[PDB]
2 protein chains.
Amino acid sequence: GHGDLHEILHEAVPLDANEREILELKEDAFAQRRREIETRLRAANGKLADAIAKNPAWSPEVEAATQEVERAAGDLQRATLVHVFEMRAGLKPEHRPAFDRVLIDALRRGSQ
Amino acid sequence: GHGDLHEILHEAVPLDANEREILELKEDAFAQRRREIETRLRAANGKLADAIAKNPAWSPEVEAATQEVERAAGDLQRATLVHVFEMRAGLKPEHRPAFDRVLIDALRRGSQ
Ligand SMILES: [Cl-]
Ligand SMILES: [Cl-]
Ligand SMILES: [Cl-]
Ligand SMILES: [Cl-]
Ligand SMILES: [Co+2]
Ligand SMILES: [Co+2]
Ligand SMILES: [K+]
Ligand SMILES: [K+]
């Protein structure tokens with residue numbers, strides 16, 4: 001699948017009042033990081049489209065654009081999962097098992 | 001976005017009767033290849049979920065599962081685009097510009 005793992009967690013197992021206060025800095029830093037990597041992904045998609053518009057074949061331009069797309073997609077996947085673990089660190093310990101249930105099930109479905 | 005590039009092309013710019021005959025072998029070979037890589041992707045998602053169920057932290061198990069997911073996703077992206085170029089080769093030349101319009105626009109939106 002193509003689930004939004006971060007959104008799934010904040011909606012299904014929302015932070016409590018104190019957890020939200022504790023996590024606010026890291027949540028903002030993540031929002032900014034997600035936006036930056038998504039800007040890079042959109043730009044890489046544009047480069048791949050441009051390459052194929054110019055010459056619709058495998059090509060050095062296509063090879064480079066494909067790699068750039070892959071790299072940005074991987075950076076987003078990894079950054080998201082690191083932030084998911086940041087969230088888990090900021091939870092009261094007793095809230096972690098419910099969080100994990102949602103996380104495990106969503107990962108199995110391909111959410112990222 | 002998360003568009004299904006292959007499906008977008010076959011639906012918006014379907015093959016004509018003769019093109020469909022010419023392409024049938026390569027279309028079948030691609031269907032089988034897509035299914036194989038998707039099996040690997042689902043299995044990699046399962047390994048990542050398992051890893052995090054066991055120990056919800058970055059870990060050698062998470063590192064390996066994440067890489068396996070990335071590798072299968074890239075293999076699928078590349079195989080799809082190679083087959084898109086197979087399709088273009090099997091088109092009557094006069095049909096290629098319409099195909100390219102759909103392809104370029106869909107790539108720009110992130111379809112893969
Ligand atoms: Cl929340
Ligand atoms: Cl809990
Ligand atoms: Cl078709
Ligand atoms: Cl045309
Ligand atoms: Co968060
Ligand atoms: Co096809
Ligand atoms: K993930
Ligand atoms: K692509």
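Convention: sequence-line order gives letters A, B, ...; per-chain numbering from 1.
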Judged by modelled atom types alone, do B:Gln67 and B:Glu63 share a side-chain donor-acceptor pair under 3.5 Å?
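Yes, a side-chain donor-acceptor pair sits under 3.5 Å.
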
Keeping the roles fixed (side chain from B:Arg88, backbone from B:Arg96), state whether a donor-acceptor pair exists under 3.5 Å.
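A pair under 3.5 Å: no.
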
Taking only residues two or more places apart in sequence or in another chain, which ones pass side-chain hydrogen bond (donor to acceptor under 3.5 Å, both in side chains) with B:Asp16?
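If we apply the side-chain hydrogen bond (donor to acceptor under 3.5 Å, both in side chains) test to B:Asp16, skipping adjacent residues, the hits are B:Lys92.
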
Only counting residues at least two apart or in another chain, list the ones meeting side-chain hydrogen bond (donor to acceptor under 3.5 Å, both in side chains) with A:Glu68.
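Here no residue qualifies.
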
Can you run down the ring pair (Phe, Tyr, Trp, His ring centres under 6.0 Å) pairs that involve residues 23-67 of chain A, sequence neighbours left out, and say none if there aren't any?
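Those involving residues 23-67 of chain A are A:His6-A:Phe30, A:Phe30-A:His83.
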
Does the distance from a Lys or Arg side-chain N to an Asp or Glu carboxylate O, for A:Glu36 and A:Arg33, drop under 4.0 Å?
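Answer for the salt bridge query: yes.
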
What's the shortest heavy-atom distance between [X] and [Y], and which atoms?
| X | Y | result |
| --- | --- | --- |
| B:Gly46 | A:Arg108 | O-NH1, 3.3 Å |
| A:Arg42 | A:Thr39 | NH2-OG1, 3.1 Å |
| B:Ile37 | B:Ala72 | CG2-O, 3.3 Å |
| B:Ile8 | B:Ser111 | CD1-OG, 3.5 Å |
| B:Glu86 | B:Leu23 | O-CD2, 3.8 Å |
| A:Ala65 | A:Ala44 | CB-O, 4.4 Å |

Of all pairs that satisfy salt bridge (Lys or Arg N to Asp or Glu O under 4.0 Å), the ones with a partner from residues 21-32 of chain A, not counting sequence neighbours
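Residue pairs with at least one partner in residues 21-32 of chain A: there are none.
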
Min side-chain heavy-atom separation [X]-[Y] under 4.5 Å:
| X | Y | result |
| --- | --- | --- |
| B:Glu61 | B:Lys54 | no |
| A:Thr66 | B:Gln77 | yes |
| A:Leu107 | B:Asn45 | no |
| B:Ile52 | A:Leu81 | yes |
| A:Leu5 | A:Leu103 | yes |

Reported CG-to-CG distance for the pair B:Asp105 and B:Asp100, which is rounded to 0.5 angstrom:
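Separation between the atoms: 10.5 Å.
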
Transitively linked via ILVMFWY side-chain contacts under 4.5 Å: B:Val82 with B:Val102?
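Yes, it is one cluster - the side chains of B:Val82 and B:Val102 are joined through contacts under 4.5 Å.
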
With the 4.5 Å side-chain cut-off for hydrophobic clustering, are A:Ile22 and A:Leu91 part of the same group?
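Each belongs to a different hydrophobic cluster.
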
Using side chain to side chain contact (heavy atoms under 4.5 Å, CB included), reason through A:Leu76 and A:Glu38 one step at a time and then give a plain yes or no.
CA-CA 8 Å; A:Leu76 185 56; A:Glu38 294 175 334; 4.2 Å; yes

List for me each residue that meets salt bridge (charged side-chain N to carboxylate O under 4.0 Å, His left out) alongside B:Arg20, sequence neighbours excluded, and say none if there are none.
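Counting only residues at least two positions away or on another chain, B:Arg20 forms no salt bridge (charged side-chain N to carboxylate O under 4.0 Å, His left out).
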
Who pairs with B:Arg78 by salt bridge (charged side-chain N to carboxylate O under 4.0 Å, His left out), at least two apart in sequence or on another chain?
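Partners of B:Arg78 by the salt bridge (charged side-chain N to carboxylate O under 4.0 Å, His left out) criterion, ordered by chain and then number, come out as A:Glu70, B:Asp75.
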
